[PDB]
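Before we start, here is the structure in question, set down as structure tokens.
Chain lettering (A, B, C, D, E and F) follows the sequence in which the chains are written, and residue indices restart at 1 in each chain.
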């Protein structure tokens, strides 16, 4: 998929293990509790899933570790990555305890569902951590079981 | 088309006469259809809801029920 | 009396759409692991709330997860996909359709037991006679022999239908008909004025009406029209769509708490007050709304102290203020705020008592008062607010209420003020006289004697039951009765026939405490006699060695 | 443990207790009689 | 004249002429006259 | 304080009561549930809460003083108006 105009690097990396966007189960969000970063994140991951082909009705469990840990400026991504590798090995998708009441804005993101409590599943196949930084510094990593 | 918010309300406070014209109209509307046009005029609500409460509550909905529309079928 | 209300601490929960897909996706896996077995009433309940929040978008999410269910893996998976597609279909036919409070729980009763070791425990065992709520509704409405239609109540209800017959059969001269109700009224008045010279069942749950001589006498007409809806609720449920309501005293695990969830399952927006506004308390009410909040519903929690005049007027304002408030108008008011003033006779009405009385009466009235003037001023003329007055059967019959009875009794003057004073069409009064609710609340230690007292052919209630009953008087049928006439509503388990109830209880109270004490006493005695006879050594070496749990870090 | 279950297990507590410095291992005489295992870091006392 | 009430006696003697008049008038179906009697008896029981 | 003066042997007038006639009361005319004001809350405290406490005080006095065989007759001034009349304002509530 290296430089293929007809294959999104997301598709690629996933398909090489025999998976599609639909297998992408959990997305760990930067979700820093700031007004804009949380709209944006959903919006990006959403547009991503949509345009790739994600089949309507199949939502990604969205994780927001920051509620528990706070935002360690630099080590943010590492903590989240740990979380996912941990979800991967337990099939447990932790909930956002501090999800008072999700912003009505987040309704328009069909492909994302924000769990306020933990959910034990039959398993998760692949995940997507995504972080953003000062000075237009956006990164994303996809991990597979 | 020329309707504007709070129209003729200034003249309302200033003229004891016009004062009463509005009142009698409002008094009517409130007791029969369950809303005030004076309110609608002063502060233009993007929505408003009437309630069919007790004794005088039910009598209102009666008037809403007794609204006779008429459209004939293409057979007559 | 220290104010505690602060608009900045207000928490609004309204995100039903998300909690849906959660509780949905949550149930799916629940089945696959068997946390939910097809049996469990639970699943039913869950499904109904998922029905209550029915979006188009919910269906899409509902569907996909089903469509791809790996049935070939196990029964559970099949069982899931089944119940899944099942639910999805139901959800389809209830789009737009008002959400409903429907209590599918398994009616439960009280059961205290004394273990052979003297251990006293109290479970809540499924009622052997009822399984759905419909059964409860019936069981209630039917009656108990213990509530045998009294002489006067019989003489009356009979003479009633005598007139109803004689009357609605027009072929007798109006000379005689006219002269019948003459001799009829005579009988009724004489009965009322001097009963002493002249002279099937009663619900467990009945309304009443006032006599010419202000008496609250059992009215079948109402008790009917009520109980009817009460049954209609147990069946096809009951909606509160579009209604706004204020509730105080909705603490965790209280009657209010249940009633809350009730209205939350209808499309009801309610503002709940807490005098112990914590994170924990914040979270609790979230937990509720996450699982009860039907489409259209809204929960707004807020700190508040009904002991504070200031708070009262402040609260009310937040509620009505268009600009910076949450600009509502109230449909229900459920003033269940209350303090345990246990332990005091007129002997000693202390600080607490005076305070309690101020929460439970003076400020309560002021709470209603505030709401009224709000409506009056705001021109809200055609939308009376139904007040569920929590009245009591105890008007000094029980011991150390200490200013309790005084409050609960006083409240009843409202029955008349509704007529005399000028707030009739702003507030309506529904005097719910709540009966024994064994559910962990203001009658907790009264559970040991719960089944005992019930032995005498009378009934005690679980909270979910009482909430049901109350939500009943919340139903449209009754609400309209209130708009023309205050409503009495005896929701006492017919304990109106067990006299000296406090004596009975304390009697049972004793026995249970006594027989258990003896039992465990002896145990010590005898196991101590053994140390005397077999020596410390023999006895010591022969006791169940119960390993102490350690921890290993694997 | 915290992110997932919402509270610590005894195993968790022991780890936390260890790193926070509340308990430390001991392997010698405690008040004359020998002992090995967890000890309250503050008081020389043993902990179960 | 306001606090007027009738003795048990009057209550019966009034129940008498009510029944006597309504009955010796025979205008009612055997149903009504049947259960009118029915109801009358109950009343007369409870009142002794 | 009153009650104690009444019973104190030494410096009080060392009585024991046979009758108690608690007719203390304030005109709270003019107020509906509309507006239970300062006056009303005060009136209710004179007419009920402190009334009960007056009785209560007397009782404990007797109990403690061994006055066992001389009950004091309390003439409770109750009312026919339990909210039937207009602007009692907390009046009925006390009397009931």
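The definition used in the following text is that a residue touches a chain if its C-beta (ideal position, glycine included) is under 8 Å from a C-beta of that chain, and two chains touch if they have at least 3 such contacts.
Chemist: Would you kindly count the fewest steps from subunit C to subunit D, each step being a jump to a chain that touches the current one?
Modeler: Minimum step count, subunit C to subunit D: 1.
Chemist: State the pair with the higher C-beta contact count; candidates are C-F and A-C.
Modeler: C-F is joined by more C-beta pairs in contact.
Chemist: Taking each chain's centre as the mean position of its Cα atoms, how many Å separate subunit D from subunit E?
Modeler: Centres of subunit D and subunit E (C-alpha means) sit 90 Å apart.
Chemist: What's the distance between the Cα centroids of subunit E and subunit F, rounded to whole Å?
Modeler: Centres of subunit E and subunit F (C-alpha means) sit 50 Å apart.
Chemist: In whole angstrom, what separates the CA-based centres of subunit B and subunit C?
Modeler: Centres of subunit B and subunit C (C-alpha means) sit 41 Å apart.
Chemist: Need the CA-centroid distance for the pair subunit D / subunit F, whole Å please.
Modeler: 64
Chemist: For subunit C, write out the residues touching at least two other chains, lowest number first.
Modeler: Answer for subunit C, listing residues that touch two or more other chains: there are none.
Chemist: Let me know each pair of chains that touch one another.
Modeler: Pairs satisfying the touch definition: A-C, A-D, B-C, C-D, C-E, C-F.
Chemist: Can you list the residues on subunit D that touch subunit C in the complex?
Modeler: Within the complex, subunit D contacts subunit C at residues 9-11, 13-15, 48.
Chemist: Sort out for me which residues of subunit D touch subunit A in the complex.
Modeler: Residues of subunit D touching subunit A: 2-6.
Chemist: Mind pulling up the subunit E residues that touch subunit C in the complex?
Modeler: So the residues of subunit E in touch with subunit C come to 3-8, 10-11, 14-15, 17-18, 21-22, 25, 27-29, 32, 35-36, 39-40, 42-43, 46-48.
Chemist: Using the touch definition up top, name the residues of subunit A that touch subunit C in the complex.
Modeler: 55-59, 97, 100-102, 104, 106-107, 110, 113-117, 119-122
Chemist: Can you list the subunit A residues touching subunit D in their complex?
Modeler: Residues in contact with subunit D: 65, 68-69, 83, 86, 90, 92, 94, 97, 118.
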